[PDB]
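Chemist: One structure, as C-alpha cells, below. Some questions next.
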2 protein chains.
Amino acid sequence: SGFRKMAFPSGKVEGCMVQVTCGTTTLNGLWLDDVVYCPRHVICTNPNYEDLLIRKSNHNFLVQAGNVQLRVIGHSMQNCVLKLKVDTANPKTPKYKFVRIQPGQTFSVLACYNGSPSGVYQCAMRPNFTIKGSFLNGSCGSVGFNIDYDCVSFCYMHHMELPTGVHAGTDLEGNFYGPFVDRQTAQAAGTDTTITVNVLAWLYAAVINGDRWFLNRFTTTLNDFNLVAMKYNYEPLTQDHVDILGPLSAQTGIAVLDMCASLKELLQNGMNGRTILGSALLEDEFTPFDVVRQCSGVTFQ
Amino acid sequence: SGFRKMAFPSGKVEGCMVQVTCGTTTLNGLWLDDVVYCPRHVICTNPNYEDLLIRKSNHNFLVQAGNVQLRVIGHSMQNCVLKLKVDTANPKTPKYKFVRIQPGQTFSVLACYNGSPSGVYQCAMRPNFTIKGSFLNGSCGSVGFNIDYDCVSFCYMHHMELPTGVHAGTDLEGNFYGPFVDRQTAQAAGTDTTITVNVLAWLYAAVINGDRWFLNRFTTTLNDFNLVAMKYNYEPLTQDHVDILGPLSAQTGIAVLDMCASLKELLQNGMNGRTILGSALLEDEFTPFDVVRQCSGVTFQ
Ligand SMILES: *CCC(=O)N(CCC(N)=O)NC(=O)[C@H](CC(C)C)NC(=O)[C@@H](NC(=O)OCc1ccccc1)C(C)C
Ligand SMILES: *CCC(=O)N(CCC(N)=O)NC(=O)[C@H](CC(C)C)NC(=O)[C@@H](NC(=O)OCc1ccccc1)C(C)C
C-alpha cells in the first residue's frame, strides 16, 4: 500500500540523451538509432526557420553524447523539431514509438541539462494542452514518455515556459500540443479544467488504500453529476469514462455513479480539515491506469 | 520554474537490480561488483536467522539478472541483510557508497518486483524512522538512493509494511532505521512530527516560484517560533537549520526568522482556501538541498 506520484524508471531514456550545440545555443537532444531529435530553435538567430535552416551546414551542429563527438551527416526540419542525422546509431536505442497523448493522460519527464539527466518526475497533459512541469533554462529537448513492457512511448518534447510558470512543447513529430508556437509572442495558456475521471480514479486509489471517510450512501445520475461538474470547472464525465473506471469500481465494490455522489459532496462541502491520500486537494493527475498499475504491481522491462 | 516532487534518474540503479529466489520466496536483490545484497527474510521458514542460515547451501539461492543465471559462490548474514557472493561482477556497477541518512533527509525509491524496475519516486525519512512509500507484495529488496555527480549513495533497502501503511527498512549494512525488526510482532510506527526546516525550505521554493501571499511584515525570535512549533507537533528549529537556509534566505531576501513568522501565521490561521506550489498542505518532504537543486539547475552523471 501507499500512493505516490510515481514515474517510470528513466534508464532507457537516460541512454538517449545528448547535448546539441550550434552557435551560442545549447539544448538537449534525443538520440534514437542514427537521428538526434531536438527543438528547432537551436537554429541560429520573429524567425523564419526554413530561411534560417538553409543557412546552416552539418558542421554547424556539435552533438555530444557524454564524452563522445557525434558527427552530423544530415539535417532536416520536421514541424517544430530538428532531425540531425549522425554517423553512429545509438546502441542503447530502446524499442520505441512516437505517440501523441490526449489531455487527461499522464507521462514521466526526464528533465535534462546539457545532455545530462537531472531528475525524473510524473506529469499530466492539462486540458488546455499545457503541462505543470519543473524546468529551468536549457531544459528544452527533454522528453516525456511512458513505458509499456519494454517499449518507450515518447509523447512530449519540452520547448518553452509560459508566463504562468506552465510548460508547452510538442509531440516527437514536432507538432505542438495546443495553440502554442516556438517564438516570442504574448502567448498565454487558456483557462484550464479539472480531469474528472482522474479525480475519480484517485478516490478509488484512496479507497483501495483505506481512506473511506468521503464515501457515502447517496447516488446520482450522470446528467445530475455533470450539472455539478461544470459548476466547479470540472470536465464532463462520459459513459466511456465510467466504463474505464469499471475495474476500480468492481474491485472496491463502489458503483461509479456512487463515487460520483461522493465527488459531488466533496466539491460542495470541501474536505472539512481532513486529507485524502495525504492531499488536502482533489488530485487529478492520476489516470485509472496509473491507479491500477500502482495498486496491482505492474512492472516494465 | 515549477516545483515538483522529482527523483534522481534511476538508470544507474536499474542496472543493479536482480531477482533472488530461494525456497518459495522471491524478492529483489541489489547487485554491486560480485555481491548481491537482499533482505535476510528470503531465508526459508519467530525465526532465529543464524539458525536458519546455517541450514542453507549456495545452490539454495537462485539469482536472476534479467535472463542470466547468477551462480552464488558464498553467502553471509550482515545484520538484517544477506550478502550473496556470485561468480560474476556486475559490469554496470556504478560508483557507490553505503551512507545512512538522518530523519529529515530525502531519497529516491526504485520500487521493483521480481528484479524488474516498476516505478521511481521521491521519499523522505520520517522523524519516526518510517517512510511513507508506495510498495506492494514482493517489493522488498528495492533500494533508496541519492546521486551526487556520478556516485550512488545507497541509503535504504525496503523490508516491511507497518499497519498504518507506512514502510520500514534498513540501511545497506542491514541496520534498520528505527525500532523495527524483520519478524511479525505488533510493531507500530511511533508518533511522527513535521520537518520544520523542510517546510521552510519549501516556502522559499514557493517564493522563488512567485507564490508570495503568505509572506508578511512580522518577525519573531527563535525561542518564540519554537514555542509555536511544538504546539503544532513541528520539529524544533535549531541555529544550524537557520544557517542551512542561509542561501535560500539570501537569494530571496527574506530573513529566516522572517520566514518563520510566516510559518507561524500559516500554522495559526491555516491557508484560507489558497494553495502554495499547488498544495493545500504545508509540505515537509523537500530539504533545502532539494529546493536549491531544483531551483538552480544541478545535474548528475
Ligand atoms: C530551449 C531553451 C530552454 O531551456 N527553454 C525552456 C525554458 C523553460 N524554463 O521551460 N526554452 C526557452 O527558454 C524558450 C526559448 C525559445 C527560443 C523557444 N523561451 C521561453 O520559453 C521563454 N518563454 C516565452 O517566451 O514564452 C512566450 C512569451 C513571450 C513573452 C511574453 C509572454 C510569453 C521564457 C521567458 C524563457
Ligand atoms: C519481502 C516481501 C515484501 O515484499 N515485503 C514488503 C511488503 C510491503 N508492502 O512493503 N515484505 C513483507 O511482506 C514482510 C515479509 C516479512 C518476512 C518481513 N511482511 C510484512 O511487511 C507484513 N508486515 C508486518 O508483518 O508488520 C509487522 C506487523 C505484524 C502484525 C501486526 C502488525 C504489524 C505485511 C502484513 C505484508
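Chain A uses Swiss-Prot numbers throughout; the residues present, in order, are 3264-3308, 3314-3569.
Recorded method is X-ray crystallography, 1.9 Å.
Yeah, the Cβs are placed from backbone N, Cα and C, and that goes for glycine too.
According to Swiss-Prot, the protein has these features:
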- A:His3304: active site, for 3CL-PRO activity (ACT_SITE)
- A:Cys3408: active site, nucleophile (ACT_SITE)
- A:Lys3268: ubiquitin cross-link (CROSSLNK)
- A:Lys3353: ubiquitin cross-link (CROSSLNK)
Chemist: Write down the Cα-Cα distance for A:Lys3353 (ubiquitin cross-link) and A:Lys3268 (ubiquitin cross-link), rounded and given in Å.
Modeler: 36
Chemist: Please report the distance from the Cα of the residue listed as 'active site, nucleophile' to the Cα of the residue listed as 'active site, for 3CL-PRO activity', rounded to the nearest angstrom.
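Modeler: The residue listed as 'active site, nucleophile' and the residue listed as 'active site, for 3CL-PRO activity' have their Cα atoms 10 Å apart.
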Chemist: What's the most sparsely packed of the recorded positions A:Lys3268, A:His3304, counting other C-beta atoms within 10 A?
Modeler: A:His3304
Chemist: Relative to ligand 1, which of the recorded positions A:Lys3268, A:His3304, A:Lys3353, A:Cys3408 have a Cβ found under 6 Å from one of its atoms?
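Modeler: Close enough to ligand 1 are A:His3304, A:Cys3408.
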Chemist: Roughly how many Å separate the Cα of A:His3304 (active site, for 3CL-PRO activity) from that of A:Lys3353 (ubiquitin cross-link), to the nearest whole number?
Modeler: 17
Chemist: Can you count the other CB atoms that lie within 10 A of the CB of the residue listed as 'active site, nucleophile'?
Modeler: 22
Chemist: Report, in sequence order, every one of the recorded positions (A:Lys3268, A:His3304, A:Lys3353, A:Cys3408) having a CB within less than 8 angstroms of a CB belonging to chain B; if no such residue exists, report 'none'.
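Modeler: In terms of proximity to chain B, the recorded positions that count are A:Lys3268, given in sequence order.
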Chemist: Going by DSSP, is A:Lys3353 (ubiquitin cross-link) part of a helix, a strand, or coil?
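Modeler: Strand, per DSSP.
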Chemist: Long-range neighbours only, meaning 6 or more apart in sequence with Cβ under 8 Å: which ones does A:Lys3353 (ubiquitin cross-link) have?
Modeler: A:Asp3297, A:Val3298, A:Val3340, A:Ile3341, A:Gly3342, A:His3343, A:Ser3344
Chemist: Looking at the ends of the gap, A:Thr3308 and A:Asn3314, with 5 residues missing, what is their Cα separation in Å?
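Modeler: Distance between the Cα of A:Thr3308 and the Cα of A:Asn3314: 9 Å.
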